[PDB]
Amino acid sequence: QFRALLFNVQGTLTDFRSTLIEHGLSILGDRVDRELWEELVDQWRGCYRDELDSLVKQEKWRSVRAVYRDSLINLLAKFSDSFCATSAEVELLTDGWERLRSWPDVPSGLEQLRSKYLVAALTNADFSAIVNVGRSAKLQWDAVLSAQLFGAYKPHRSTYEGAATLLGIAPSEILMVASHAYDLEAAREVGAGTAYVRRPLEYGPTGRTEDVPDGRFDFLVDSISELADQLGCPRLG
């Protein structure tokens, strides 16, 4: 049925929240309490989503590192009574989004899939960021694709179409994998299969995750290894 799996990376494969919480506390030290920094990180992810939503509607693209940097500067101003950061620290903090750690199932899940399928990233992050995340999150791909290559963010149909034509594969032979329904719904409109990965801690222990019923998408799993099993991939030794 499928020749390749195409992955949403941030959140789907990476625990960005834990990464940015620990990264920020490492840089800022005793000047901020953990509970306060956690709140900023949650608003930071929200600002990122709000900006990409706005740029998608305007059919525009800009550097996602810049999106993260600009939203951090705005949030630092909002939190300025509580703590401060230097310009140098703004850059170091923004780097956290290029140091994401993976969920524990992900490296072995990707390896298991590759016995039968090509695996590729299709991320909204800049190309340089996802290459760096491959090292921090221990991701090995057949190909790395970024919104930067297409001048458009997911869910714009040109991202999925361009991924298909670059890979030389029909959309019906691509399985889109994500912990976000918006991405799967958009891939399905281009012709791709859909696999939803539940990430109940993506927004934290007291966080808010989507509710996806069985049957909405082609697969509904709790880990990448489970998806590999359901696709008939033999287990690793």
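Note that residue numbering follows the sequence shown and begins at 1.
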When the Cα temperature factors in the entry are averaged, is it 64-72 or 193-201 that ends up higher? 193-201
Of the two stretches 140-148 and 94-102, which shows the higher Cα B-factor on average in the entry? 94-102
From the list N132, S80, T123, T159, select the residue with the highest C-alpha B factor recorded in the entry. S80
Check the PDB entry and point out which of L36, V177, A187, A181 has the largest C-alpha temperature factor. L36
Using the B-factors in the PDB entry, rank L25's C-alpha atom against the chain and give the third, lowest, middle or highest. highest
So where's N8 on the chain's Cα temperature factor ranking, which third? lowest
Compare the C-alpha B factor of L236 with those of the other modelled residues in its chain, then answer lowest, middle or highest third. highest
